[PDB]
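Everything below belongs to coords-v5.cif, which stores mmCIF, C-alpha atoms.
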```
data_upload
loop_
_atom_site.label_atom_id
_atom_site.label_comp_id
_atom_site.auth_asym_id
_atom_site.auth_seq_id
_atom_site.Cartn_x
_atom_site.Cartn_y
_atom_site.Cartn_z
CA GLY A 2 97.21 95.43 101.20
CA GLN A 3 99.44 94.66 104.16
CA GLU A 4 100.54 98.28 103.78
CA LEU A 5 97.00 99.62 104.42
CA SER A 6 96.48 97.05 107.22
CA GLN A 7 99.16 98.93 109.22
CA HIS A 8 97.48 102.36 108.96
CA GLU A 9 95.50 102.33 112.21
CA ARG A 10 92.89 104.99 111.21
CA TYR A 11 91.99 103.07 108.07
CA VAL A 12 91.95 99.79 110.03
CA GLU A 13 89.26 101.20 112.37
CA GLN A 14 86.96 101.95 109.42
CA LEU A 15 87.75 98.60 107.81
CA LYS A 16 86.73 96.81 111.03
CA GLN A 17 83.25 98.15 110.36
CA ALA A 18 83.42 97.28 106.64
CA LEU A 19 84.67 93.67 107.10
CA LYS A 20 81.99 93.05 109.74
CA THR A 21 78.98 94.74 108.10
CA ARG A 22 78.97 92.29 105.17
CA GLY A 23 78.91 89.33 107.57
CA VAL A 24 81.66 87.63 105.58
CA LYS A 25 83.82 85.54 107.90
CA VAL A 26 87.33 86.65 106.88
CA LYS A 27 90.40 88.03 108.64
CA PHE A 28 91.97 91.39 107.73
CA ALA A 29 94.91 89.43 106.36
CA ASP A 30 92.53 87.57 104.05
CA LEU A 31 90.87 90.72 102.74
CA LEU A 32 93.94 92.91 102.39
CA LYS A 33 95.61 90.01 100.54
CA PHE A 34 93.40 91.08 97.62
CA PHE A 35 94.26 94.76 98.12
CA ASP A 36 97.87 93.64 97.47
CA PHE A 37 96.63 91.82 94.37
CA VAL A 38 95.07 94.94 92.79
CA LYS A 39 98.39 96.81 93.25
CA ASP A 40 100.36 93.97 91.60
CA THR A 41 97.90 93.62 88.66
CA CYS A 42 96.93 97.30 88.28
CA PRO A 43 100.02 99.41 89.09
CA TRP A 44 98.29 102.33 87.40
CA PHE A 45 95.34 102.28 89.85
CA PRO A 46 97.24 103.93 92.70
CA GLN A 47 98.72 106.31 90.09
CA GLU A 48 95.20 107.55 89.28
CA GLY A 49 94.81 108.06 93.04
CA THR A 50 91.04 108.04 92.58
CA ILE A 51 88.67 105.55 94.16
CA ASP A 52 85.25 105.48 92.61
CA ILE A 53 83.31 102.65 91.06
CA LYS A 54 84.11 104.09 87.61
CA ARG A 55 87.79 103.43 88.44
CA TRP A 56 87.21 100.16 90.34
CA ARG A 57 85.31 98.58 87.43
CA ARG A 58 88.53 98.72 85.37
CA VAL A 59 90.29 96.68 88.08
CA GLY A 60 87.91 93.82 87.50
CA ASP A 61 88.20 94.22 83.74
CA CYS A 62 91.96 93.87 84.31
CA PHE A 63 91.59 90.68 86.36
CA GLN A 64 89.36 89.28 83.60
CA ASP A 65 91.90 90.06 80.88
CA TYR A 66 94.71 88.58 82.94
CA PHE A 67 92.53 85.54 83.72
CA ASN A 68 91.87 84.80 80.05
CA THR A 69 95.54 85.26 79.20
CA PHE A 70 97.13 83.22 82.04
CA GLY A 71 94.36 80.92 83.31
CA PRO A 72 92.80 80.09 86.73
CA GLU A 73 96.10 78.78 88.12
CA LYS A 74 97.50 82.31 87.80
CA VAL A 75 94.45 84.39 88.71
CA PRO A 76 91.94 82.83 91.08
CA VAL A 77 88.19 82.92 90.47
CA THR A 78 87.88 84.16 94.07
CA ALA A 79 89.69 87.35 93.08
CA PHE A 80 86.51 88.35 91.24
CA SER A 81 84.38 87.34 94.23
CA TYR A 82 86.46 89.48 96.56
CA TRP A 83 86.49 92.24 93.97
CA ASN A 84 82.68 92.19 93.84
CA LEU A 85 82.52 92.81 97.61
CA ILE A 86 84.48 96.05 97.26
CA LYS A 87 82.55 96.91 94.08
CA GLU A 88 79.23 97.10 95.96
CA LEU A 89 80.93 98.99 98.79
CA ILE A 90 82.14 101.78 96.49
CA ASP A 91 79.08 101.75 94.20
CA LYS A 92 76.92 102.33 97.27
CA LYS A 93 79.40 104.36 99.37
CA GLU A 94 76.75 107.07 99.13
CA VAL A 95 74.62 105.17 101.70
CA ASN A 96 77.57 103.57 103.52
CA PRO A 97 79.44 106.26 105.47
CA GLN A 98 81.50 103.54 107.18
CA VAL A 99 83.21 102.69 103.93
CA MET A 100 83.00 106.21 102.43
CA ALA A 101 85.39 107.47 105.10
CA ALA A 102 87.66 104.51 104.25
CA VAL A 103 87.52 105.40 100.54
CA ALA A 104 88.76 108.90 101.33
CA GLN A 105 91.42 107.52 103.67
CA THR A 106 92.63 105.10 101.00
CA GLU A 107 92.96 107.93 98.47
CA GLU A 108 94.91 109.98 101.03
CA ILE A 109 97.26 107.06 101.71
CA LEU A 110 97.69 106.36 97.97
CA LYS A 111 98.73 109.98 97.38
CA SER A 112 101.08 109.88 100.39
CA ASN A 113 102.69 106.59 99.36
CA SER A 114 104.34 105.22 96.19
CA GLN A 115 103.86 102.46 93.60
CA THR A 116 107.12 100.99 94.91
CA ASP A 117 109.18 101.73 98.03
CA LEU A 118 111.58 99.61 100.15
CA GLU A 119 113.60 96.54 99.13
CA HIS A 120 110.78 94.41 97.68
CA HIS A 121 113.61 92.38 96.08
CA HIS A 122 111.36 89.29 95.78
CA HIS A 123 108.75 88.50 93.11
CA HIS A 124 107.73 85.05 91.73
CA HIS A 125 108.22 82.03 94.02
#
```
Would you kindly transcribe this structure into structure tokens?
Amino acid sequence: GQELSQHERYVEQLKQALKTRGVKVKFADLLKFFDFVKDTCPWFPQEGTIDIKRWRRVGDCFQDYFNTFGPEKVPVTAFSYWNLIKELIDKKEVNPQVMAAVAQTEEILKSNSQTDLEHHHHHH
């Protein structure tokens, strides 16, 4: 999430995507959930493929994790945020603003790693 928020070319396309839905959120607020998919689905960037057929599994994952660890561990808003990206990818075919961002995210996923740098802190 905060990783993608630093890639300027992707940020330009996301400025269109955040705005076009009319949802009043900051980039920090959106990309917070992009961090959440990496932490819950470490295999998603390994597939390096961003299509709704792949993205549906991310929500299935949040649902499994939600039933196992409760709403205090996974928020119900994670599904709400997830739904926003779900419609964006499902209809990327008529949304070139996000389609370019889908391609850019795949490029960045393939260029990056599941883990890099001293992320020596998990839990709280």
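CA of residue 120 (chain A) sits 22.5 Å away from CA of residue 9 (chain A).
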Inset, instruction - Please write as a PyMOL selection string the full residue list that the PyMOL selection byres ((chain A and resi 75) around 12) yields on this file. - result: chain A and resi 34+37-38+40-41+60+62-74+76-81
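Interatomic distance, CA of residue 15 (chain A) against CA of residue 113 (chain A): 18.9 Å.
Taking CA of residue 14 (chain A) and CA of residue 46 (chain A) as the two end points, the separation is 19.7 Å.
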Inset, instruction - Would you translate the PyMOL selection byres ((chain A and resi 35) around 10) into the concrete set of residues it matches in this file, as a PyMOL selection string? - result: chain A and resi 2-6+29-34+36-40+82-83+86
Inset, instruction - I would like the residues chosen by the PyMOL selection byres ((chain A and resi 44) around 12) on the shown file; could you give them as a PyMOL selection string? - result: chain A and resi 38-43+45-50+55-56+58-59+62+110+114-116
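When only C-alpha atoms are used to compute distances to residue 101 (chain A), the closest of the residues A:18, A:121, A:88, A:7 turns out to be A:18.
Nearest to residue 24 (chain A) of all the residues A:53, A:125, A:105, A:85 is A:85, counting only C-alpha atoms.
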